[PDB]
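Notes for the one structure printed next.
Note: ideal-geometry Cβ built from the backbone for every residue, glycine included; neighbour counts use all protein chains shown. Please treat every number below as a calculation from the coordinates, not as lab data.
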Amino acid sequence: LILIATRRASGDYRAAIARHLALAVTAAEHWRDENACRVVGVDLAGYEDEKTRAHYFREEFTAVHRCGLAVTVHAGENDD
Amino acid sequence: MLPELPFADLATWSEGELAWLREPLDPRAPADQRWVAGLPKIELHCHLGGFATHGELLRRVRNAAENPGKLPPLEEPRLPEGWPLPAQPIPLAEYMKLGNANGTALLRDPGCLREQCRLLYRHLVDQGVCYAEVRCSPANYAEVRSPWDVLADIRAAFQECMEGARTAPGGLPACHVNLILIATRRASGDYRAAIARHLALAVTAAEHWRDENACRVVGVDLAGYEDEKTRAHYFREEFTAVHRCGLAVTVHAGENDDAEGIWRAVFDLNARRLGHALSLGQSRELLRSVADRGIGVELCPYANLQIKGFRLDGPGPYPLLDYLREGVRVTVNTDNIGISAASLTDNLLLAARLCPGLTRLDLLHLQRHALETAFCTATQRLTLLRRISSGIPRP
Amino acid sequence: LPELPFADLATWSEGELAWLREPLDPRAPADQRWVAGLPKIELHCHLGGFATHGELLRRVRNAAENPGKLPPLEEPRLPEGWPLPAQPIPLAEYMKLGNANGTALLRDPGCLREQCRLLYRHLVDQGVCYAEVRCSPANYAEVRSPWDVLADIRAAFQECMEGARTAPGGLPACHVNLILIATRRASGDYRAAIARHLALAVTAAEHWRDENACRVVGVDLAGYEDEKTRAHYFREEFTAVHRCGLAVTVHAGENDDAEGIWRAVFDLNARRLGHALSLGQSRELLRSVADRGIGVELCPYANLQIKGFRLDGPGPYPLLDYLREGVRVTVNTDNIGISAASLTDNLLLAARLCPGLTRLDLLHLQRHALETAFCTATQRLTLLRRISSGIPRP
């Protein structure tokens, strides 16, 4: 399994995405059975806000990477 | 005729016992001791790993392990000479060592873990406390089951205790206990990962249990004194995530004071309830801000007496009265019942002795300050206020 | 019978409490006389919007110290039925209204002295016990320094309470404080104004350090939307100011939604919010605010005049909803002159914005101001004893 960021901004990114990250790392730590379905990573999706993006960026990356979960990234409408 | 009082005199009492609250509380004779025991007290600083540390209490939990003999044998680390109210302060590291019998080593099997928190509720209801926030570290208990498994086990056990004793006035709720996840302690070479794992565990748990009135995790308390001292230099981003979702940060200072760090801890981390912030007089402006902006200062007199001398009845004097005089909302708590070998009722009675001058009415303020500093929804806090607005015995 | 906010309320007999738990008719003459004597306290004023028409303006207009350049008397024509207007008016028109004073005649040092001292006498006969009038010295300064303006503003209040407030215990008249409100868009970069505004406030708080005298406490960081991001961009500055003893408030006002509330409550550590009549629709955000204890400032007449709420049955006024969950929300008047309504008018009107407002709710709404006021701990207890003197019955 892999968990995706929630749309329909409510709490914008901080409230919506932190729970998504917190759910993943808790679930990844819940099932260590290598021969069983378990959470293996996340993606970021929801992005493109004001200059506070880096603060959200530096927060989202740090927590997951310290744990060591895999990270994917989706590309929005514009693929600059 | 009546003064302001904490909660409007609970629809008044007679002139006879108005003066009774005025005189200082001397912890002598049954009359004084019996009254506090009947109070509906409230604590906010209690560790689950600091219970049943010695005596028969240890025996009951030890023999209730689901796997009968797997755990290390019986041993009770001897308490120092007159350990309740000792004559010589001891370092914190040794004090933490008095609980090797009951803790990480013992609470490994759900059979004993359920039992350990089984009689905590019995002890709390026996103490007359209505609202408590037992601290726990599920990360310390992880061999085959997840840390989430342990936390779910603890929550279910309290509900079993909470539903078994579904009594007392109101909606018959008896005593309500919440959970505060206290760090990871064991930093086996990877501390930043552990604190990241721990913080996100609460966020998932808090969202998992959003029910109206039942046991649920209400906040975290990072004890950041990391390998590089200040961990908030990197933990500022992590603390922001958990703070936005909900929960309450109740960082406890404890070691080495560092009022300069407290400034950094109180504001940047947006802490809501400081811990053993014993020394604040030398930082006059810091105390005023904490006095003005509502931030609780949890206190544990027995633990402070066991860690610091304080020379009760002739470090300086105990700052509880001074903190109360200035107006900062401070609370009396228990820390570890088993390690300190003292109940909460002992804590309050001993609190007066540490500072000659605590009137019989100040303890009401201590219970008052506990209510506002409690991590609970406002709807239930009013009900807690109503319970406090009664159930207190007129002498 | 059960617990209730103040202490002397429980002293009342059961007959009074029957009059307590019932909805108050604003049109009832007995009710109007009741709240008039009620020792209420208010938070959200604007000083500059004190006098706008009538004898109040002429009182300060002729009180100038050198009238050779005072602008003429083009008193703006207020809309028909201006208290309870026909339909909502834009904020820009609202601010434009009352242009007669502000940066028109307060620039005169003598004229400003009358304007502020006249406001104080408008308070004592209004029953207000404690006030936190908000001033913008940078606006009222062309040749003299802004610090001089704040020096005169503080001194005039002090002298207006040096003798009037004998302070023999229970009668220090009405004790007032000052909140440095951010100045509007001056001709130039607003970043310098914001920096100077905070710099002016910080040194002011440490210049009048006593408690009995009027002192500067508080500063807001709200204005427009480009400046709203600018303040968030320079959020490191807000860290310094509120560590010096200056509690920061935020005037959410327009386009507050959730981000503005989220930013204010956490990034800037705001201890009180301005017009924030949108907390209800986000549910969880309102739940978060209630637990934190952040105060909410709601001034009904301004909220009715600009937003429009069709009182006596834009959605419903959130007053009962706010008091239900428990967010500490208070009543205010915004600026007295523009709304042309005193405190007592606002209190009574709040009862008819929406069906409800029992007397306990009105006292609870009164108490939240005491809880979220920027006074010190000793001052707060002094108020609480003093506030516990409300009119019990006819």
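Selection of the range B:227-240 for residues being crowded, with 22+ Cβ neighbours inside 10 Å and away from chain A (no Cβ under 14 Å) yields an empty set. Within this structure, B:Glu143 passes the test of being within 13 Å of another protein chain (Cβ to nearest Cβ), within 21 Å of A:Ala28 (Cα to Cα), of a type outside the set (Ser, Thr, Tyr) and not in a helix (DSSP H, G or I).
Listed conditions (1) within 27 Å of C:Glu114 (Cβ to Cβ); (2) assigned to a loop (DSSP other than H, G, I, E, B) are all met by C:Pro88, apart from (1). One residue is enough: does the range B:282-291 have a residue meeting the conditions of a type in the set (A, V, I, L, M), within 14 Å of chain A (Cβ to nearest Cβ) and buried (at least 19 other Cβ atoms within 10 Å of the Cβ)? Within the range B:282-291, not a single residue is of a type in the set (A, V, I, L, M), within 14 Å of chain A (Cβ to nearest Cβ) and buried (at least 19 other Cβ atoms within 10 Å of the Cβ). Only one of the numbered conditions (1) charged (D, E, K, R); (2) within 14 Å of another protein chain (Cβ to nearest Cβ); (3) closer than 30 Å to C:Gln281 by Cα is not met by C:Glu211, and that is (3). Kindly establish whether C:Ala302 is small (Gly, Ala, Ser), part of a helix (DSSP H, G or I) and either surrounded by 17 or more Cβ atoms within 10 Å (Cβ to Cβ) or within 14 Å of chain B (Cβ to nearest Cβ) (or both). Spelling it out, C:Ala302 is indeed small (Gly, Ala, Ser), part of a helix (DSSP H, G or I) and either surrounded by 17 or more Cβ atoms within 10 Å (Cβ to Cβ) or within 14 Å of chain B (Cβ to nearest Cβ) (or both).
What about A:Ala28, is it touching a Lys or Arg at 6+ places or on another chain (Cβ under 7 Å) and either over 23 Å from C:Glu284 (Cα atoms) or within 8 Å of chain B (Cβ to nearest Cβ) (or both)? Considered against the rule, which asks whether it is touching a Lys or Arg at 6+ places or on another chain (Cβ under 7 Å) and either over 23 Å from C:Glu284 (Cα atoms) or within 8 Å of chain B (Cβ to nearest Cβ) (or both), A:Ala28 comes out as yes. Among the numbered conditions (1) more than 11 Å from the chain's Cα centre (by Cα); (2) farther than 30 Å from C:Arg283 by Cα, the only one that A:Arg53 does not meet is (2). Selection of the range C:49-65 for residues being buried (at least 17 other Cβ atoms within 10 Å of the Cβ) and in a helix (DSSP H, G or I) yields C:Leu56, C:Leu57, C:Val60, C:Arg61.
Here's a check for you: in the range A:14-43, which residue that is in contact with a strand residue (DSSP E or B) (Cβ under 9 Å, 6 or more places away or on another chain) and outside any helix (DSSP H, G or I) is surrounded by the most Cβ atoms within 10 Å (Cβ to Cβ)? So the residue we want is A:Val42. Filtered by the rule that a residue be of a type in the set (D, E, K, R) and either more than 9 Å from chain B (Cβ to nearest Cβ) or at positive phi (or both), the range C:381-391 gives a lone residue, C:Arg386. For the range C:321-380, taking the residues that are small (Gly, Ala, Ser), surrounded by 23 or more Cβ atoms within 10 Å (Cβ to Cβ) and not in a loop (DSSP other than H, G, I, E, B), the one that is nearest to the other protein chains (Cβ to nearest Cβ) is identified as C:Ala369.
On the stretch given as the range C:234-252, residues that are touching a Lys or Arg at 6+ places or on another chain (Cβ under 9 Å), closer than 12 Å to C:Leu198 by Cα and among the β-branched types (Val, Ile, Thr) total 1.
Residue count for the range C:185-226 satisfying the condition of being surrounded by 20 or more Cβ atoms within 10 Å (Cβ to Cβ), of a type outside the set (A, V, I, L, M, F, W, C) and in a helix (DSSP H, G or I): 1. Of everything in the range B:98-142 that is more than 21 Å from B:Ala194 (Cβ to Cβ) and among the basic types (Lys, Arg), the residue that is surrounded by the fewest Cβ atoms within 10 Å (Cβ to Cβ) is B:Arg122. Annotation for the range C:288-298: at least one member residue is farther than 30 Å from C:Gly48 by Cα, of a type outside the set (S, T, N, Q) and in contact with a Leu (Cβ under 8 Å, 6 or more places away or on another chain).
The number of residues in the range C:241-281 being within 14 Å of chain A (Cβ to nearest Cβ), touching a strand residue (DSSP E or B) at 6+ places or on another chain (Cβ under 8 Å) and either part of a strand (DSSP E or B) or of a type in the set (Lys, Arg) (or both) comes to 0. Name the residue that is farthest from B:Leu48 (Cα to Cα), counting only residues in the range B:152-184 that are of a type in the set (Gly, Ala, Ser) and outside any loop (DSSP other than H, G, I, E, B). It comes out as B:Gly164.
Comparison of C:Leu348, C:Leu343, C:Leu365 shows that the only residue that is more than 30 Å from C:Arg209 (Cβ to Cβ), touching a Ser or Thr at 6+ places or on another chain (Cβ under 7 Å) and of a type outside the set (S, T, N, Q) is C:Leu365. Kindly indicate which of A:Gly11, A:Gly46, A:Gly76 is closer than 29 Å to C:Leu285 by Cβ, assigned to a loop (DSSP other than H, G, I, E, B) and either within 12 Å of chain B (Cβ to nearest Cβ) or in contact with a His (Cβ under 6 Å, 6 or more places away or on another chain) (or both). Unique residue meeting the criteria: A:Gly11.
Considered as a group, the residues in the range B:169-190 that are of a type outside the set (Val, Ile, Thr) and closer than 12 Å to B:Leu222 by Cα include one that is farthest from the chain's Cα centre (by Cα), and that residue is B:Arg185.
Report yes if C:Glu297 is of a type outside the set (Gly, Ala, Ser), within 13 Å of another protein chain (Cβ to nearest Cβ) and touching a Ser or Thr at 6+ places or on another chain (Cβ under 8 Å), otherwise no. No, not satisfied.
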